[PDB]
$ cat entry.cif   # mmCIF, C-alpha atoms and all ligand atoms
data_upload
loop_
_atom_site.group_PDB
_atom_site.id
_atom_site.type_symbol
_atom_site.label_atom_id
_atom_site.label_comp_id
_atom_site.auth_asym_id
_atom_site.auth_seq_id
_atom_site.Cartn_x
_atom_site.Cartn_y
_atom_site.Cartn_z
ATOM 1 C CA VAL A 3 15.633 -4.982 -4.550
ATOM 2 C CA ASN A 4 12.521 -3.320 -5.996
ATOM 3 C CA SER A 5 11.370 0.245 -6.652
ATOM 4 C CA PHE A 6 8.768 0.510 -3.863
ATOM 5 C CA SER A 7 9.661 3.517 -1.706
ATOM 6 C CA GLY A 8 8.587 4.884 1.658
ATOM 7 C CA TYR A 9 6.959 1.725 3.028
ATOM 8 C CA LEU A 10 6.960 0.655 6.648
ATOM 9 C CA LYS A 11 7.973 -2.996 7.042
ATOM 10 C CA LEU A 12 5.440 -4.972 9.075
ATOM 11 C CA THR A 13 6.804 -8.513 8.661
ATOM 12 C CA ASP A 14 9.282 -10.481 6.583
ATOM 13 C CA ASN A 15 7.039 -10.080 3.524
ATOM 14 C CA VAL A 16 4.373 -7.408 4.215
ATOM 15 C CA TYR A 17 4.925 -3.660 3.814
ATOM 16 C CA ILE A 18 2.470 -0.768 4.258
ATOM 17 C CA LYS A 19 2.210 2.877 3.203
ATOM 18 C CA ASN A 20 -0.308 5.718 3.346
ATOM 19 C CA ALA A 21 -0.797 6.191 -0.378
ATOM 20 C CA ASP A 22 -3.306 6.398 -3.198
ATOM 21 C CA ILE A 23 -2.962 3.040 -4.968
ATOM 22 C CA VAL A 24 -3.675 4.752 -8.303
ATOM 23 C CA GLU A 25 -0.774 7.169 -7.863
ATOM 24 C CA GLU A 26 1.464 4.405 -6.485
ATOM 25 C CA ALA A 27 0.794 2.204 -9.514
ATOM 26 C CA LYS A 28 1.462 5.054 -11.953
ATOM 27 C CA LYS A 29 4.829 5.702 -10.273
ATOM 28 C CA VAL A 30 6.063 2.136 -9.768
ATOM 29 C CA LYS A 31 4.418 0.348 -12.726
ATOM 30 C CA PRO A 32 4.438 -2.892 -10.711
ATOM 31 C CA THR A 33 4.192 -6.303 -12.290
ATOM 32 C CA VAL A 34 0.889 -6.810 -10.442
ATOM 33 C CA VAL A 35 -1.617 -4.338 -9.019
ATOM 34 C CA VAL A 36 -4.510 -5.870 -7.087
ATOM 35 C CA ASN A 37 -8.033 -4.600 -7.665
ATOM 36 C CA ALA A 38 -10.736 -4.819 -4.993
ATOM 37 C CA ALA A 39 -13.158 -6.415 -7.439
ATOM 38 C CA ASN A 40 -16.681 -7.759 -7.247
ATOM 39 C CA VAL A 41 -17.824 -10.959 -8.948
ATOM 40 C CA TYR A 42 -19.238 -9.043 -11.929
ATOM 41 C CA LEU A 43 -16.078 -6.952 -12.406
ATOM 42 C CA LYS A 44 -18.286 -3.847 -12.269
ATOM 43 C CA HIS A 45 -15.724 -1.243 -11.255
ATOM 44 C CA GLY A 46 -18.065 1.435 -10.007
ATOM 45 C CA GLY A 47 -16.566 2.776 -6.812
ATOM 46 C CA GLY A 48 -14.002 2.324 -4.114
ATOM 47 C CA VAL A 49 -10.589 1.135 -5.241
ATOM 48 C CA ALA A 50 -12.060 -0.493 -8.356
ATOM 49 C CA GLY A 51 -13.814 2.660 -9.502
ATOM 50 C CA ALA A 52 -10.618 4.653 -8.998
ATOM 51 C CA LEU A 53 -8.376 2.162 -10.830
ATOM 52 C CA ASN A 54 -10.817 1.897 -13.711
ATOM 53 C CA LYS A 55 -11.106 5.691 -14.010
ATOM 54 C CA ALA A 56 -7.308 5.919 -14.250
ATOM 55 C CA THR A 57 -7.411 3.525 -17.245
ATOM 56 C CA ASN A 58 -9.953 5.742 -19.027
ATOM 57 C CA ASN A 59 -12.525 2.885 -18.688
ATOM 58 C CA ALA A 60 -10.309 0.401 -20.564
ATOM 59 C CA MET A 61 -10.319 -1.846 -17.485
ATOM 60 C CA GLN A 62 -14.134 -1.961 -17.588
ATOM 61 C CA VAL A 63 -14.220 -2.721 -21.332
ATOM 62 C CA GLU A 64 -11.782 -5.606 -20.874
ATOM 63 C CA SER A 65 -13.688 -6.819 -17.815
ATOM 64 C CA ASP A 66 -17.042 -6.853 -19.617
ATOM 65 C CA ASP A 67 -15.555 -9.084 -22.307
ATOM 66 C CA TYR A 68 -14.094 -11.369 -19.619
ATOM 67 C CA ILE A 69 -17.488 -11.766 -17.921
ATOM 68 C CA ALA A 70 -19.314 -12.277 -21.218
ATOM 69 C CA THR A 71 -16.966 -15.189 -21.943
ATOM 70 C CA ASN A 72 -16.445 -16.716 -18.496
ATOM 71 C CA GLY A 73 -19.295 -15.620 -16.249
ATOM 72 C CA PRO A 74 -18.866 -14.141 -12.778
ATOM 73 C CA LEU A 75 -16.010 -14.824 -10.430
ATOM 74 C CA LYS A 76 -16.492 -16.549 -7.078
ATOM 75 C CA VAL A 77 -16.336 -14.616 -3.829
ATOM 76 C CA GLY A 78 -12.802 -15.393 -2.691
ATOM 77 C CA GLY A 79 -11.665 -15.875 -6.287
ATOM 78 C CA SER A 80 -9.636 -13.886 -8.770
ATOM 79 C CA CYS A 81 -8.625 -13.437 -12.362
ATOM 80 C CA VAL A 82 -5.565 -11.931 -14.042
ATOM 81 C CA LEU A 83 -6.267 -9.253 -16.639
ATOM 82 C CA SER A 84 -4.256 -6.426 -18.151
ATOM 83 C CA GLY A 85 -2.819 -3.728 -15.933
ATOM 84 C CA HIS A 86 -3.328 -1.181 -18.731
ATOM 85 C CA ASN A 87 -1.322 2.005 -18.014
ATOM 86 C CA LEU A 88 -0.987 1.157 -14.310
ATOM 87 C CA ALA A 89 0.875 -2.169 -14.137
ATOM 88 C CA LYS A 90 1.780 -5.139 -16.288
ATOM 89 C CA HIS A 91 -1.140 -7.146 -14.867
ATOM 90 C CA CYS A 92 -4.149 -6.483 -12.690
ATOM 91 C CA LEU A 93 -5.126 -9.267 -10.301
ATOM 92 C CA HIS A 94 -8.855 -8.754 -9.715
ATOM 93 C CA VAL A 95 -9.575 -10.297 -6.303
ATOM 94 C CA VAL A 96 -13.054 -10.607 -4.802
ATOM 95 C CA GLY A 97 -13.094 -10.238 -1.050
ATOM 96 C CA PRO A 98 -16.396 -10.769 0.760
ATOM 97 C CA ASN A 99 -18.615 -7.680 0.894
ATOM 98 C CA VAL A 100 -20.067 -7.418 4.400
ATOM 99 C CA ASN A 101 -22.678 -4.961 3.124
ATOM 100 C CA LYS A 102 -23.978 -7.909 1.033
ATOM 101 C CA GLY A 103 -23.939 -10.439 3.896
ATOM 102 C CA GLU A 104 -20.993 -12.443 2.562
ATOM 103 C CA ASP A 105 -18.979 -14.780 4.778
ATOM 104 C CA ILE A 106 -15.951 -13.010 6.250
ATOM 105 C CA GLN A 107 -14.157 -16.379 6.411
ATOM 106 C CA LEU A 108 -13.809 -16.026 2.629
ATOM 107 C CA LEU A 109 -11.314 -13.211 3.237
ATOM 108 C CA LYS A 110 -8.537 -15.756 3.794
ATOM 109 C CA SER A 111 -9.375 -17.480 0.502
ATOM 110 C CA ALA A 112 -9.279 -14.082 -1.217
ATOM 111 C CA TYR A 113 -5.786 -13.332 0.115
ATOM 112 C CA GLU A 114 -4.553 -16.791 -0.943
ATOM 113 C CA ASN A 115 -4.728 -15.559 -4.547
ATOM 114 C CA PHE A 116 -1.810 -13.236 -3.765
ATOM 115 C CA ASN A 117 0.493 -16.242 -3.246
ATOM 116 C CA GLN A 118 0.475 -16.934 -6.994
ATOM 117 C CA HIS A 119 2.512 -13.733 -7.549
ATOM 118 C CA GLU A 120 5.983 -13.025 -6.212
ATOM 119 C CA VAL A 121 5.385 -9.285 -5.629
ATOM 120 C CA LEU A 122 2.156 -7.255 -5.589
ATOM 121 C CA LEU A 123 0.871 -3.754 -4.927
ATOM 122 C CA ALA A 124 -2.471 -4.127 -3.183
ATOM 123 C CA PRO A 125 -5.239 -2.592 -1.084
ATOM 124 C CA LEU A 126 -6.610 -4.204 2.047
ATOM 125 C CA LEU A 127 -9.226 -6.671 0.843
ATOM 126 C CA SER A 128 -12.815 -6.208 1.998
ATOM 127 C CA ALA A 129 -11.962 -2.794 3.501
ATOM 128 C CA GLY A 130 -13.562 0.507 2.546
ATOM 129 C CA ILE A 131 -16.969 0.114 0.929
ATOM 130 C CA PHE A 132 -16.761 -3.689 1.299
ATOM 131 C CA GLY A 133 -17.512 -3.112 4.979
ATOM 132 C CA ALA A 134 -15.016 -5.326 6.816
ATOM 133 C CA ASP A 135 -12.787 -4.170 9.662
ATOM 134 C CA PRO A 136 -9.466 -3.102 8.057
ATOM 135 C CA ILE A 137 -7.528 -4.137 11.174
ATOM 136 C CA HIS A 138 -8.864 -7.666 10.684
ATOM 137 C CA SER A 139 -8.084 -7.554 6.967
ATOM 138 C CA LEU A 140 -4.472 -6.641 7.725
ATOM 139 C CA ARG A 141 -4.217 -9.523 10.205
ATOM 140 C CA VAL A 142 -5.547 -12.004 7.638
ATOM 141 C CA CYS A 143 -3.163 -10.597 5.036
ATOM 142 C CA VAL A 144 -0.113 -11.050 7.259
ATOM 143 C CA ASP A 145 -1.219 -14.548 8.294
ATOM 144 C CA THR A 146 -2.056 -15.704 4.736
ATOM 145 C CA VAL A 147 0.164 -14.008 2.152
ATOM 146 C CA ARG A 148 3.680 -15.422 1.895
ATOM 147 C CA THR A 149 4.785 -13.492 -1.187
ATOM 148 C CA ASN A 150 5.932 -9.868 -1.049
ATOM 149 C CA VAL A 151 2.965 -7.519 -0.668
ATOM 150 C CA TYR A 152 3.074 -3.718 -0.653
ATOM 151 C CA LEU A 153 -0.154 -2.412 0.857
ATOM 152 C CA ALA A 154 -1.453 1.049 -0.021
ATOM 153 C CA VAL A 155 -3.882 2.578 2.478
ATOM 154 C CA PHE A 156 -5.599 5.707 1.144
ATOM 155 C CA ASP A 157 -6.854 7.117 4.451
ATOM 156 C CA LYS A 158 -4.072 8.627 6.567
ATOM 157 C CA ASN A 159 -6.107 8.301 9.755
ATOM 158 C CA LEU A 160 -6.711 4.618 9.016
ATOM 159 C CA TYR A 161 -3.051 4.062 8.115
ATOM 160 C CA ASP A 162 -1.910 5.418 11.482
ATOM 161 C CA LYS A 163 -4.431 3.232 13.316
ATOM 162 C CA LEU A 164 -3.308 0.134 11.389
ATOM 163 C CA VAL A 165 0.354 0.736 12.217
ATOM 164 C CA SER A 166 -0.220 1.697 15.848
ATOM 165 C CA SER A 167 -2.442 -1.332 16.516
ATOM 166 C CA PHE A 168 -0.365 -3.894 14.616
ATOM 167 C CA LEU A 169 0.703 -6.885 16.684
HETATM 168 O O1 LIG B 1 -8.215 8.937 -4.394
HETATM 169 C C1 LIG B 1 -8.579 7.807 -4.075
HETATM 170 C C2 LIG B 1 -8.325 6.631 -5.028
HETATM 171 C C3 LIG B 1 -8.393 5.228 -4.387
HETATM 172 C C4 LIG B 1 -9.285 5.135 -3.157
HETATM 173 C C5 LIG B 1 -9.740 3.881 -2.696
HETATM 174 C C6 LIG B 1 -10.575 3.785 -1.555
HETATM 175 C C7 LIG B 1 -11.030 2.420 -1.091
HETATM 176 O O2 LIG B 1 -12.136 2.053 -1.490
HETATM 177 N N1 LIG B 1 -10.195 1.678 -0.285
HETATM 178 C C8 LIG B 1 -8.884 2.220 0.142
HETATM 179 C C9 LIG B 1 -8.963 2.491 1.655
HETATM 180 C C10 LIG B 1 -7.656 3.069 2.175
HETATM 181 O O3 LIG B 1 -6.617 2.493 1.788
HETATM 182 O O4 LIG B 1 -7.711 4.055 2.938
HETATM 183 C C11 LIG B 1 -9.223 1.191 2.427
HETATM 184 C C12 LIG B 1 -10.417 0.428 1.854
HETATM 185 C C13 LIG B 1 -10.396 0.304 0.306
HETATM 186 C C14 LIG B 1 -9.280 -0.636 -0.230
HETATM 187 C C15 LIG B 1 -9.889 -1.915 -0.799
HETATM 188 C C16 LIG B 1 -11.295 -1.970 -0.219
HETATM 189 C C17 LIG B 1 -11.676 -0.499 -0.013
HETATM 190 C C18 LIG B 1 -10.936 4.970 -0.870
HETATM 191 F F1 LIG B 1 -11.722 4.921 0.233
HETATM 192 C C19 LIG B 1 -10.477 6.223 -1.330
HETATM 193 C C20 LIG B 1 -9.657 6.308 -2.470
HETATM 194 N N2 LIG B 1 -9.208 7.577 -2.912
#
$ encode --input "entry.cif" --output "structure tokens" --more "lines below"
Ligand SMILES: O=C1CCc2cc(C(=O)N3C[C@H](C(=O)O)CCC34CCCC4)c(F)cc2N1
Amino acid sequence: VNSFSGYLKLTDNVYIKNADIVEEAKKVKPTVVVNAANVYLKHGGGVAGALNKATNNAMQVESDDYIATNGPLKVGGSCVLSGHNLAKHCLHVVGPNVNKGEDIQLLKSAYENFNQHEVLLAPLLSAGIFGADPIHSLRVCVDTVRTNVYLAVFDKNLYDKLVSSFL
């Protein structure tokens, strides 16, 4: 039993809700919140910009130190950093950005990072400003993640389409 509330159950391990991931994280304080990161951990917009804003830019400060030490992530890769005031940890995961021409096949590799964590609060990878089809992202999520994932979908119209079209 966990403290996630109001989710629709899609499969044995995947749950979904129309919610602002920032507000969800502040309420639940999950062990892991997933950020929709880029390889530079530049959290300018989308989910990343919103999460970073909620940390008062502390996420960005920590991220800049990480990159200065380690260099960029790989598309499809991840790193674990602090969750600041939002969660114990933030798993920064880089899905392919279609508006940069990146290979959508890397979306499965991106979701594989979730399997290293028993429970996660997460957005749909490569959705929103990353330009992929969110219906496809949900399919890859369900077919790749085996741990317990609670998906927050900001857009109510998109949430209803994802539920109604889910096979
Ligand atoms: O107030 C807020 C704060 C957080 C927020 C995030 C996004 C966003 O970039 N999203 C979420 C979007 C959804 O779940 O509808 C699906 C696509 C992604 C998730 C990961 C890739 C991009 C947005 F469009 C609006 C907001 N509004």
$ residues_around --input "entry.cif" --residues "stretch 14-31 of chain A" --least-positions-apart "4" --cutoff "10 Å" --atoms "only C-alpha atoms" --output "JSON, numbers by chain"
{"A": [4, 5, 6, 7, 8, 9, 10, 35, 36, 37, 49, 50, 52, 53, 54, 55, 56, 57, 85, 86, 87, 88, 89, 90, 91, 121, 123, 124, 125, 126, 140, 143, 144, 145, 147, 148, 149, 150, 151, 152, 153, 154, 155, 156, 157, 158, 159, 160, 161, 162, 164, 165]}
$ atom_distance --input "entry.cif" --atom1 "atom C14 of ligand LIG 1 (chain B)" --atom2 "atom CA of residue A:115"
16.2 Å
$ atom_distance --input "entry.cif" --atom1 "atom CA of residue A:69" --atom2 "atom CA of residue A:127"
21.1 Å
$ atom_distance --input "entry.cif" --atom1 "atom CA of residue A:107" --atom2 "atom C10 of ligand LIG 1 (chain B)"
20.9 Å
$ closest_residue --input "entry.cif" --among "A:32, A:97, A:136, A:48" --to "ligand LIG 1 (chain B)" --atoms "all atoms listed in the file"
A:48
$ closest_residue --input "entry.cif" --among "A:105, A:135, A:33, A:129" --to "ligand LIG 1 (chain B)" --atoms "all atoms listed in the file"
A:129
$ closest_residue --input "entry.cif" --among "A:40, A:92, A:100, A:60" --to "residue A:78" --atoms "only C-alpha atoms"
A:40
$ closest_residue --input "entry.cif" --among "A:93, A:109, A:75, A:39" --to "ligand LIG 1 (chain B)" --atoms "only C-alpha atoms and all ligand atoms"
A:39
$ residues_around --input "entry.cif" --residues "residue A:134" --least-positions-apart "2" --cutoff "9 Å" --atoms "all atoms listed in the file" --output "PyMOL selection string"
chain A and resi 98-101+106+127-132+136-139
$ closest_residue --input "entry.cif" --among "A:83, A:169, A:3, A:96" --to "ligand LIG 1 (chain B)" --atoms "all atoms listed in the file"
A:96
$ closest_residue --input "entry.cif" --among "A:110, A:38, A:76, A:13" --to "ligand LIG 1 (chain B)" --atoms "all atoms listed in the file"
A:38
$ residues_near_point --input "entry.cif" --point "(-18.5, -6.5, -12.9)" --cutoff "9 Å" --atoms "only C-alpha atoms" --output "ChimeraX atom specification"
/A:39-46,62,65-66,69,74
$ decode --input "entry.cif" --residues "stretch 24-141 of chain A" --atoms "C-alpha atoms" --output "short mmCIF file (atom, residue, chain, number, x, y, z; two decimals), in the first residue's frame"
data_model
loop_
_atom_site.label_atom_id
_atom_site.label_comp_id
_atom_site.auth_asym_id
_atom_site.auth_seq_id
_atom_site.Cartn_x
_atom_site.Cartn_y
_atom_site.Cartn_z
CA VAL A 24 4.65 19.24 -9.47
CA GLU A 25 1.56 19.30 -7.27
CA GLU A 26 1.46 15.49 -7.10
CA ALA A 27 5.08 15.35 -5.93
CA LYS A 28 4.51 18.03 -3.28
CA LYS A 29 1.56 16.05 -1.90
CA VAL A 30 2.97 12.52 -2.01
CA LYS A 31 6.70 13.19 -1.50
CA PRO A 32 7.48 9.99 -3.44
CA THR A 33 10.77 8.17 -3.16
CA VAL A 34 11.37 8.89 -6.86
CA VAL A 35 10.00 11.58 -9.16
CA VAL A 36 11.02 11.29 -12.81
CA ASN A 37 12.12 14.38 -14.70
CA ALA A 38 11.76 14.69 -18.48
CA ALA A 39 15.39 15.73 -18.84
CA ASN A 40 17.67 16.58 -21.73
CA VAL A 41 21.29 15.45 -21.97
CA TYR A 42 22.58 18.77 -20.61
CA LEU A 43 20.16 18.79 -17.66
CA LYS A 44 19.06 22.27 -18.76
CA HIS A 45 15.63 22.44 -17.15
CA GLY A 46 14.16 25.26 -19.18
CA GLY A 47 10.63 24.24 -20.04
CA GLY A 48 8.08 21.49 -20.12
CA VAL A 49 8.06 19.16 -17.13
CA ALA A 50 11.71 19.91 -16.37
CA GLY A 51 11.20 23.66 -16.27
CA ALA A 52 8.20 23.22 -13.97
CA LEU A 53 9.97 20.82 -11.58
CA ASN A 54 13.03 23.03 -11.42
CA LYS A 55 10.93 26.15 -10.74
CA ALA A 56 9.27 24.33 -7.83
CA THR A 57 12.73 23.72 -6.30
CA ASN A 58 13.56 27.44 -6.51
CA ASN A 59 16.30 26.58 -9.09
CA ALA A 60 18.10 24.21 -6.69
CA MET A 61 17.59 21.38 -9.19
CA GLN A 62 19.40 23.41 -11.86
CA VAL A 63 22.29 24.30 -9.52
CA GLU A 64 22.77 20.63 -8.61
CA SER A 65 22.45 19.62 -12.27
CA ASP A 66 25.08 22.10 -13.44
CA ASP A 67 27.55 20.63 -10.96
CA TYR A 68 26.67 17.11 -12.16
CA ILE A 69 27.34 18.03 -15.80
CA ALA A 70 30.55 19.88 -14.96
CA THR A 71 31.84 16.69 -13.32
CA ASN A 72 30.40 13.97 -15.56
CA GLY A 73 29.53 15.50 -18.92
CA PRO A 74 26.20 15.07 -20.69
CA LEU A 75 23.90 12.12 -20.37
CA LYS A 76 23.09 9.83 -23.29
CA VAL A 77 19.73 9.97 -25.03
CA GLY A 78 17.95 7.03 -23.42
CA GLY A 79 20.04 7.40 -20.26
CA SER A 80 19.45 8.72 -16.78
CA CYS A 81 20.99 9.85 -13.54
CA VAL A 82 19.75 9.94 -9.95
CA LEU A 83 19.99 13.30 -8.21
CA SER A 84 18.27 14.89 -5.24
CA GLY A 85 14.51 15.29 -5.23
CA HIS A 86 14.88 18.53 -3.24
CA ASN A 87 11.51 19.55 -1.72
CA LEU A 88 9.56 17.34 -4.14
CA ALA A 89 10.76 13.77 -3.53
CA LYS A 90 13.61 11.85 -1.96
CA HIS A 91 15.28 11.41 -5.37
CA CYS A 92 14.80 12.73 -8.87
CA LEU A 93 15.49 10.29 -11.69
CA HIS A 94 16.43 12.49 -14.65
CA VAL A 95 15.57 10.44 -17.75
CA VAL A 96 16.35 11.55 -21.31
CA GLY A 97 13.76 10.44 -23.81
CA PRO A 98 14.40 11.16 -27.49
CA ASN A 99 13.32 14.64 -28.60
CA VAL A 100 11.57 14.31 -31.97
CA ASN A 101 11.96 18.06 -32.52
CA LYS A 102 15.73 17.34 -32.57
CA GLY A 103 15.52 14.35 -34.93
CA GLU A 104 16.35 11.74 -32.29
CA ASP A 105 15.55 8.06 -32.78
CA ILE A 106 12.16 7.18 -31.29
CA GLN A 107 13.42 3.62 -30.73
CA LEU A 108 15.43 5.11 -27.86
CA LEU A 109 12.16 5.63 -25.98
CA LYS A 110 12.21 2.00 -24.84
CA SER A 111 15.76 2.40 -23.52
CA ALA A 112 14.64 5.54 -21.67
CA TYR A 113 11.78 3.69 -19.95
CA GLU A 114 14.12 0.83 -18.98
CA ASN A 115 15.69 3.20 -16.44
CA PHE A 116 12.43 3.05 -14.47
CA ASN A 117 13.00 -0.65 -13.72
CA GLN A 118 15.83 0.25 -11.32
CA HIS A 119 13.24 1.74 -8.91
CA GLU A 120 10.42 -0.13 -7.21
CA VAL A 121 7.93 2.78 -7.36
CA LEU A 122 8.03 6.05 -9.32
CA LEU A 123 5.94 9.12 -10.05
CA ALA A 124 6.54 10.01 -13.69
CA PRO A 125 5.45 11.89 -16.80
CA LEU A 126 5.10 10.25 -20.19
CA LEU A 127 8.58 10.29 -21.69
CA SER A 128 9.14 12.16 -24.95
CA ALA A 129 5.63 13.68 -24.74
CA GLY A 130 4.83 17.39 -24.64
CA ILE A 131 7.61 19.56 -26.05
CA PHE A 132 9.70 16.46 -26.84
CA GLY A 133 7.34 15.92 -29.76
CA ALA A 134 6.49 12.21 -29.62
CA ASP A 135 2.97 10.79 -29.75
CA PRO A 136 1.85 10.38 -26.10
CA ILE A 137 -0.32 7.38 -27.02
CA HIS A 138 2.83 5.65 -28.28
CA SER A 139 4.77 6.70 -25.18
CA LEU A 140 2.12 5.13 -22.95
CA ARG A 141 2.28 1.90 -24.97
#
